[PDB]
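This report concerns only the one structure given below.
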Amino acid sequence: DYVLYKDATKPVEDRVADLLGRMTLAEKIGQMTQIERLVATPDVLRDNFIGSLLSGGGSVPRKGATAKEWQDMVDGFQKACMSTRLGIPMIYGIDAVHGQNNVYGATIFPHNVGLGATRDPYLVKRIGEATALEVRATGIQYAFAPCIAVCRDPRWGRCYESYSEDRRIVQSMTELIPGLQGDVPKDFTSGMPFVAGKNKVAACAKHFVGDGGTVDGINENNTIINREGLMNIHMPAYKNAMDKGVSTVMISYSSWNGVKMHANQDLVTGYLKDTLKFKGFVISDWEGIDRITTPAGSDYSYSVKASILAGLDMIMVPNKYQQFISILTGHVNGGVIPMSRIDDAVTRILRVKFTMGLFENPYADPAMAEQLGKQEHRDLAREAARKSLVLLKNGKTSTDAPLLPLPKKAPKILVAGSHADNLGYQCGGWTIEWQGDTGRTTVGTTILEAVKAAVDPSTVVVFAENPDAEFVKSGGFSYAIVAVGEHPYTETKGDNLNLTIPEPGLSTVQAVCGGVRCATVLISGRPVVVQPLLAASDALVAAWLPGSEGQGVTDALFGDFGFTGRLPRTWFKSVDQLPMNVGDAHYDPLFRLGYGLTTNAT
Ligand SMILES: *[C@@H]1O[C@H](CO)[C@@H](O[C@@H]2O[C@H](CO)[C@@H](O[C@@H]3O[C@H](CO[C@H]4O[C@H](CO)[C@@H](O)[C@H](O)[C@@H]4O[C@@H]4O[C@H](CO)[C@@H](O)[C@H](O)[C@H]4NC(C)=O)[C@@H](O)[C@H](O)[C@@H]3O[C@@H]3OC[C@@H](O)[C@H](O)[C@H]3O)[C@H](O)[C@H]2NC(C)=O)[C@H](O[C@@H]2O[C@@H](C)[C@@H](O)[C@@H](O)[C@@H]2O)[C@H]1NC(C)=O
Ligand SMILES: *[C@@H]1O[C@H](CO)[C@@H](O[C@@H]2O[C@H](CO)[C@@H](O[C@@H]3O[C@H](CO)[C@@H](O)[C@H](O)[C@@H]3O[C@@H]3OC[C@@H](O)[C@H](O)[C@H]3O)[C@H](O)[C@H]2NC(C)=O)[C@H](O[C@@H]2O[C@@H](C)[C@@H](O)[C@@H](O)[C@@H]2O)[C@H]1NC(C)=O
Ligand SMILES: *[C@@H]1O[C@H](CO)[C@@H](O[C@@H]2O[C@H](CO)[C@@H](O[C@@H]3O[C@H](CO)[C@@H](O)[C@H](O)[C@@H]3O)[C@H](O)[C@H]2NC(C)=O)[C@H](O)[C@H]1NC(C)=O
């Protein structure tokens with residue numbers, strides 16, 4: 001017999017209905033199941049009709065694996081899935097949140113907070129375009145991005161993943177979506193999923209909803225706010241995402257007024273599906289359903305029931321798939337979860353797969369491997385890094401000569417600080433490892449290397465990680481560039497109540513600036529206590545977490561381009577003010593949202 005779902009000339013809805021009408025319960029629940037590569041095997045994927053795989057942070061085939069190695073791994077998993085009775089291709093997901101960041105040699109773009117500082121949605125679209133290509137270079141078809149959290153408290157470990165505390169800036173940056181997925185047609189219906197084809201990836205608006213609104217910025221915690229506030233701060237960018245055809249939405253670990261998002265039928269079904277008319281698929285976060293209960297995973301039967309009834313379509317298990325499949329099967333067999341709910345989840349998952357061309361191109365394209373770390377993408381990352389920089393100070397008094405831009409020609413210059421020659425530090429979390437890492441973890445250019453690449457051949461560059469005051473004063477230096485700040489962190493490990501940079505940092509700045517005129521480059525995922533750093537420095541730049549392309553920093557330091565970045569967040573005077581956002585009754589910032597000094601290119 002002719003098999004309609006296999007016919008590439010047929011409309012998506014027809015293909016979805018045709019395939020769905022053929023599937024067993026096992027095949028349906030399989031589609032709903034996403035498993036980590038570390039638990040996947042050809043037999044597992046085939047026997048359990050698995051619909052999706054992911055790499056968690058740092059979950060890689062080998063350290064230093066080539067683009068081809070990634071393609072081979074993904075294709076190996078795909079072969080097993082294509083060998084099932086129905087041959088439904090799996091979709092492979094990954095956190096490609098600032099480039100294809102788990103991958104060695106991938107271009108690492110500035111984190112979201114810095115991109116907010118650029119106020120350049122077209123730059124962000126271009127970054128999405130480049131990211132899609134580097135993700136496809138590794139055979140992966142699905143990026144868990146963008147995070148459209150509106151971070152309202154910088155004590156949150158994920159504040160750097162938020163473009164801004166101002167939802168209007170977050171809304172504007174949803175341009176990442178058509179970058180990743182491709183532009184939607186003129187005829188497009190808001191809420192439908194869209195991916196243009198094999199050179200693009202499925203995107204993911206996350207984390208629904210109010211992840212950036214938790215008390216004291218506590219990660220995964222309670223967002224306490226009335227519906228009006230939830231709707232005018234935390235929700236709006238989701239509607240922009242619907243208008244741009246975002247393929248998937250990931251649910252937040254957080255709660256809204258005490259109700260776990262992963263169990264919230266009102267918001268997931270009532271609002272996202274039934275009001276916004278979202279027609280792509282809804283995915284849990286990592287063990288998100290487990291964390292509905294306290295303790296997490298103490299009643300997995302309840303977790304499955306609550307999340308699936310709430311309207312989630314695909315569960316990022318990601319390890320204990322046997323338990324997940326067994327429990328869900330039992331719930332359906334016992335009539336506790338109706339077939340209509342299962343059929344809805346599967347319809348959505350298949351819709352996205354058919355729409356994106358996955359049935360036509362289930363395997364990696366070897367000719368895409370060369371897109372990984374490609375120079376054009378690094379040039380874009382370098383542009384982004386430079387545009388993200390916010391100049392906070394450029395002279396100690398109103399009568400001082402501006403320090404920046406610095407001359408490329410000088411007899412001798414000093415580069416200093418824990419962050420001057422540390423690629424891992426300048427990239428921050430979600431880089432190679434989940435939590436990021438220290439040192440030369442990938443291909444890139446540190447601030448020190450960027451300085452050496454920029455300066456006149458006659459200028460002697462001296463590096464000292466933590467020089468004492470005497471070394472600096474006796475060194476015969478024309479000026480110094482000193483880089484300090486936060487260490488890499490991700491999620492809960494980044495939650496921080498004091499927001500004071502680790503030492504040595506301030507001590508190094510004080511020692512260097514005490515001895516010679518200094519430009520301080522602050523590396524951070526967020527505003528941090530900055531008055532002491534300011535007090536010591538002739539100039540100070542908030543560089544955020546600029547990524548692999550440290551020449552973005554020197555492009556502005558040496559005046560190849562003027563500074564243009566403006567704060568996408570309020571800079572607080574002290575942490576005891578927090579939360580404190582532009583518009584509050586008490587608003588007493590050190591630097592207001594939108595603040596930024598400028599220079600002109602020399
Ligand atoms: C303000 O709040 C901050 C958040 O709570 C807090 O930072 C945290 O401090 C705690 C200790 O109190 C750290 O936990 C421990 O981390 C140890 C290893 O830490 C190094 O490596 C990790 C990455 O693996 C980095 O994140 C750390 O910054 C640290 O980096 C090292 O720092 C040195 C000094 O700057 C450098 O010279 C060195 O090069 C550098 N190394 C690297 C690789 O970058 C572990 O060994 C411990 O076991 C402990 O880990 C915790 O154990 C319990 C478990 O439940 C936790 O989940 C686990 O994390 C924590 O890493 C750190 N968080 C950061 C920085 O993100 C501030 O404390 C200050 O800074 C820290 C780093 C210490 O110097 C403190 O003495 C200092 O007080 C808070 N600040 C103030 C003023 O109170
Ligand atoms: C010395 O530096 C100053 C400060 O940067 C330059 O003035 C700025 O020039 C920008 C244009 O390059 C102006 O931004 C634009 O503003 C208009 C209207 O608001 C907007 O339509 C543009 O899109 C653009 O806005 C940017 O868009 C991209 C975003 O990422 C970015 O955040 C936006 O700002 C900016 O307003 C202007 N600032 C001031 C205070 O005047 C100055 O550039 C020169 O003068 C300006 C006014 C403009 O005519 C430029 O063409 C011209 O080069 C620069 N001087 C020199 C010699 O270059
Ligand atoms: C928001 O964050 C707070 C602070 O972490 C959460 O409260 C904490 O909840 C945990 C369990 O989820 C508690 O740990 C347990 O404490 C009991 C003793 O009461 C002990 O028997 C267990 O072994 C375990 O250690 C913790 O006490 C509690 N902390 C405080 C100070 O309240 C809260 O649950 C989070 N809210 C949301 C909605 O996520």
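Identifiers in the structure tokens: chain A, B, ... in order shown; residue index from 1 per chain; ligand index from 1 in order shown.
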Against ligand 1, which residues of chain A fall within 9 Å? For each one I want the closest pair of atoms and the distance in Å (one decimal), counting only C-alpha atoms and all ligand atoms, rows by chain and increasing residue number, as JSON lines.
```
{"residue": "A:157", "atom": "CA", "partner": "ligand 1", "partner_atom_place_in_ligand_line": "66 (O)", "distance": 8.7}
{"residue": "A:418", "atom": "CA", "partner": "ligand 1", "partner_atom_place_in_ligand_line": "39 (O)", "distance": 7.9}
{"residue": "A:424", "atom": "CA", "partner": "ligand 1", "partner_atom_place_in_ligand_line": "44 (O)", "distance": 8.9}
{"residue": "A:425", "atom": "CA", "partner": "ligand 1", "partner_atom_place_in_ligand_line": "44 (O)", "distance": 7.8}
{"residue": "A:435", "atom": "CA", "partner": "ligand 1", "partner_atom_place_in_ligand_line": "23 (C)", "distance": 7.6}
{"residue": "A:436", "atom": "CA", "partner": "ligand 1", "partner_atom_place_in_ligand_line": "23 (C)", "distance": 8.3}
{"residue": "A:437", "atom": "CA", "partner": "ligand 1", "partner_atom_place_in_ligand_line": "43 (C)", "distance": 6.5}
{"residue": "A:438", "atom": "CA", "partner": "ligand 1", "partner_atom_place_in_ligand_line": "44 (O)", "distance": 5.3}
{"residue": "A:439", "atom": "CA", "partner": "ligand 1", "partner_atom_place_in_ligand_line": "44 (O)", "distance": 8.5}
{"residue": "A:486", "atom": "CA", "partner": "ligand 1", "partner_atom_place_in_ligand_line": "65 (C)", "distance": 6.7}
{"residue": "A:487", "atom": "CA", "partner": "ligand 1", "partner_atom_place_in_ligand_line": "28 (O)", "distance": 5.2}
{"residue": "A:488", "atom": "CA", "partner": "ligand 1", "partner_atom_place_in_ligand_line": "26 (O)", "distance": 6.0}
{"residue": "A:489", "atom": "CA", "partner": "ligand 1", "partner_atom_place_in_ligand_line": "66 (O)", "distance": 5.4}
{"residue": "A:490", "atom": "CA", "partner": "ligand 1", "partner_atom_place_in_ligand_line": "66 (O)", "distance": 8.4}
{"residue": "A:492", "atom": "CA", "partner": "ligand 1", "partner_atom_place_in_ligand_line": "57 (O)", "distance": 8.2}
{"residue": "A:493", "atom": "CA", "partner": "ligand 1", "partner_atom_place_in_ligand_line": "66 (O)", "distance": 6.0}
{"residue": "A:494", "atom": "CA", "partner": "ligand 1", "partner_atom_place_in_ligand_line": "66 (O)", "distance": 5.4}
{"residue": "A:495", "atom": "CA", "partner": "ligand 1", "partner_atom_place_in_ligand_line": "4 (C)", "distance": 6.1}
{"residue": "A:496", "atom": "CA", "partner": "ligand 1", "partner_atom_place_in_ligand_line": "4 (C)", "distance": 4.2}
{"residue": "A:497", "atom": "CA", "partner": "ligand 1", "partner_atom_place_in_ligand_line": "2 (O)", "distance": 5.6}
{"residue": "A:498", "atom": "CA", "partner": "ligand 1", "partner_atom_place_in_ligand_line": "1 (C)", "distance": 4.6}
{"residue": "A:499", "atom": "CA", "partner": "ligand 1", "partner_atom_place_in_ligand_line": "1 (C)", "distance": 5.8}
{"residue": "A:500", "atom": "CA", "partner": "ligand 1", "partner_atom_place_in_ligand_line": "80 (N)", "distance": 5.7}
{"residue": "A:501", "atom": "CA", "partner": "ligand 1", "partner_atom_place_in_ligand_line": "80 (N)", "distance": 7.2}
{"residue": "A:502", "atom": "CA", "partner": "ligand 1", "partner_atom_place_in_ligand_line": "35 (O)", "distance": 4.7}
{"residue": "A:503", "atom": "CA", "partner": "ligand 1", "partner_atom_place_in_ligand_line": "35 (O)", "distance": 4.7}
{"residue": "A:504", "atom": "CA", "partner": "ligand 1", "partner_atom_place_in_ligand_line": "35 (O)", "distance": 5.8}
{"residue": "A:505", "atom": "CA", "partner": "ligand 1", "partner_atom_place_in_ligand_line": "35 (O)", "distance": 7.8}
```
With C-alpha atoms retained, could you export that selection as an mmCIF file, in the first residue's frame?
```
data_model
loop_
_atom_site.group_PDB
_atom_site.id
_atom_site.type_symbol
_atom_site.label_atom_id
_atom_site.label_comp_id
_atom_site.auth_asym_id
_atom_site.auth_seq_id
_atom_site.Cartn_x
_atom_site.Cartn_y
_atom_site.Cartn_z
ATOM 1 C CA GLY A 157 22.998 32.197 38.649
ATOM 2 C CA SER A 418 43.487 36.523 36.494
ATOM 3 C CA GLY A 424 37.621 29.612 29.950
ATOM 4 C CA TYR A 425 37.104 32.617 32.255
ATOM 5 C CA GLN A 435 29.863 24.866 34.517
ATOM 6 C CA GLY A 436 32.512 26.209 32.112
ATOM 7 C CA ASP A 437 36.152 25.764 33.106
ATOM 8 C CA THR A 438 39.534 27.462 33.544
ATOM 9 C CA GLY A 439 42.334 27.972 30.986
ATOM 10 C CA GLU A 486 33.804 36.202 38.068
ATOM 11 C CA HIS A 487 34.679 32.567 37.567
ATOM 12 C CA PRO A 488 32.546 30.397 35.272
ATOM 13 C CA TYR A 489 29.240 29.156 36.733
ATOM 14 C CA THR A 490 25.926 27.742 35.574
ATOM 15 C CA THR A 492 22.439 26.956 40.964
ATOM 16 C CA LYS A 493 26.247 27.096 41.283
ATOM 17 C CA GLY A 494 25.928 30.707 40.053
ATOM 18 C CA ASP A 495 23.431 31.863 42.716
ATOM 19 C CA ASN A 496 25.333 34.473 44.707
ATOM 20 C CA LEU A 497 24.097 36.717 47.560
ATOM 21 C CA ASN A 498 27.183 38.963 47.894
ATOM 22 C CA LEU A 499 28.062 39.591 44.211
ATOM 23 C CA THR A 500 31.693 40.360 45.083
ATOM 24 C CA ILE A 501 34.362 39.189 42.654
ATOM 25 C CA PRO A 502 36.838 36.513 43.831
ATOM 26 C CA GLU A 503 40.324 37.514 44.929
ATOM 27 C CA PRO A 504 42.861 38.255 43.661
ATOM 28 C CA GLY A 505 40.922 40.735 41.556
#
```
Q: Using only C-alpha atoms, determine which residues lie at most 6 Å from range 237-244 of chain A, disregarding the query and same-chain residues fewer than 4 positions distant; provide the list as a list in words.
A: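 Surrounding residues, per the criterion: residues 171, 190 and 191 of chain A.
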Q: Could you jot down the CA of residue 125 in chain A to atom 5 (O, counted along the ligand's line) of ligand 2 separation for me, Å, one decimal place?
A: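 Between these atoms lies a distance of 22.1 Å.
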Quick one: residues within 9 Å of range 25-27 of chain A, only C-alpha atoms, excluding same-chain residues fewer than 4 positions away - as a PDB file with C-alpha atoms, in the first residue's frame?
```
ATOM      1  CA  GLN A  31       8.135   9.729  20.699  1.00  0.00           C
ATOM      2  CA  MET A  32       7.438  11.487  23.992  1.00  0.00           C
ATOM      3  CA  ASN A  48      11.796   1.665  22.994  1.00  0.00           C
ATOM      4  CA  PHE A  49      10.933   3.640  19.819  1.00  0.00           C
ATOM      5  CA  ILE A  50      12.801   6.642  21.291  1.00  0.00           C
ATOM      6  CA  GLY A  51      11.755  10.033  19.859  1.00  0.00           C
ATOM      7  CA  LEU A  86       7.838   3.013  11.247  1.00  0.00           C
ATOM      8  CA  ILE A 325       7.979   4.589  29.781  1.00  0.00           C
ATOM      9  CA  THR A 329       2.195   3.151  29.811  1.00  0.00           C
ATOM     10  CA  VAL A 332      -2.642   5.156  29.895  1.00  0.00           C
ATOM     11  CA  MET A 339      -5.385   8.719  24.667  1.00  0.00           C
ATOM     12  CA  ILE A 342      -0.984  11.159  24.269  1.00  0.00           C
TER      13      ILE A 342
END
```
Q: List all protein, DNA and RNA residues that have any atom at most 9 Å from ligand 2, counting only C-alpha atoms and all ligand atoms, and write the list as an MDAnalysis selection string.
A: chainID A and resid 117:123 387:388 562:566 597:601
Q) With only C-alpha atoms and all ligand atoms as the basis for distance, which of A:167, A:473, A:260, A:79 is at the shortest distance from ligand 3? A) A:260
Q: List every residue of range 317-546 of chain A that DSSP, applied to the backbone, labels as helix (DSSP H, G or I), and write the result as a VMD selection string.
A: chain A and resid 321 to 333 339 to 355 366 to 371 375 to 388 423 to 427 447 to 454 469 to 473 491 to 494 506 to 515 531 to 536
Q: Using backbone DSSP assignments, extract all strand (DSSP E) residues from range 71-304 of chain A; output them as an MDAnalysis selection string.
A: chainID A and resid 91:94 142:143 204:208 222:223 248:251 255:256 259:260 281:283
At most 12 Å is the cut-off: for each residue in chain A with any atom that close to an atom of ligand 3, write down the nearest atom pair and the distance in Å rounded to one decimal, counting only C-alpha atoms and all ligand atoms, chain first then increasing number, as a tab-separated table.
```
residue	atom	partner	partner_atom_place_in_ligand_line	distance
A:211	CA	ligand 3	39 (O)	11.2
A:213	CA	ligand 3	38 (C)	11.9
A:214	CA	ligand 3	1 (C)	8.5
A:215	CA	ligand 3	1 (C)	7.8
A:216	CA	ligand 3	2 (O)	9.3
A:217	CA	ligand 3	1 (C)	9.8
A:218	CA	ligand 3	2 (O)	6.5
A:219	CA	ligand 3	1 (C)	8.0
A:220	CA	ligand 3	39 (O)	5.7
A:221	CA	ligand 3	39 (O)	3.6
A:222	CA	ligand 3	38 (C)	4.2
A:223	CA	ligand 3	38 (C)	7.9
A:224	CA	ligand 3	38 (C)	9.5
A:252	CA	ligand 3	39 (O)	11.1
A:253	CA	ligand 3	39 (O)	8.0
A:254	CA	ligand 3	39 (O)	6.3
A:255	CA	ligand 3	38 (C)	5.4
A:256	CA	ligand 3	38 (C)	8.1
A:257	CA	ligand 3	38 (C)	8.2
A:258	CA	ligand 3	38 (C)	5.6
A:259	CA	ligand 3	38 (C)	7.5
A:260	CA	ligand 3	38 (C)	7.2
A:261	CA	ligand 3	38 (C)	10.0
A:262	CA	ligand 3	38 (C)	11.8
A:288	CA	ligand 3	39 (O)	11.7
A:291	CA	ligand 3	39 (O)	8.8
A:292	CA	ligand 3	39 (O)	9.0
A:293	CA	ligand 3	12 (O)	8.5
A:294	CA	ligand 3	12 (O)	5.4
A:295	CA	ligand 3	12 (O)	6.0
A:296	CA	ligand 3	12 (O)	7.8
A:297	CA	ligand 3	12 (O)	11.5
A:298	CA	ligand 3	12 (O)	11.5
A:492	CA	ligand 3	5 (O)	10.6
A:495	CA	ligand 3	5 (O)	11.3
```
Q.
I'd like the contact shell of residue 370 in chain A - 9 Å cut-off, only C-alpha atoms, skipping same-chain residues fewer than 4 positions apart - returned as a PyMOL selection string.
A. chain A and resi 67+134+137+366+374
Q) Within 9 Å of residue 514 in chain A, counting only C-alpha atoms, which residues qualify if same-chain residues fewer than 4 places away don't, as a ChimeraX atom specification? A) /A:469,472-473,509-510,518,536-537
Q: Find the distance between CA of residue 543 in chain A and CA of residue 124 in chain A and write it in Å to one decimal.
A: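 CA of residue 543 in chain A sits 17.0 Å away from CA of residue 124 in chain A.
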Q. With only C-alpha atoms as the basis for distance, which of A:352, A:443, A:53, A:535 is at the shortest distance from residue 246 in chain A?
A. A:352
Q: Calculate how many Å separate CA of residue 22 in chain A from CA of residue 1 in chain A, rounding to one decimal.
A: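 That distance, rounded to one decimal, is 13.1 Å.
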(Q) Please determine, counting only C-alpha atoms, which residue among A:100, A:340, A:141, A:577 has the shortest atom-to-atom distance to residue 52 in chain A. (A) A:141
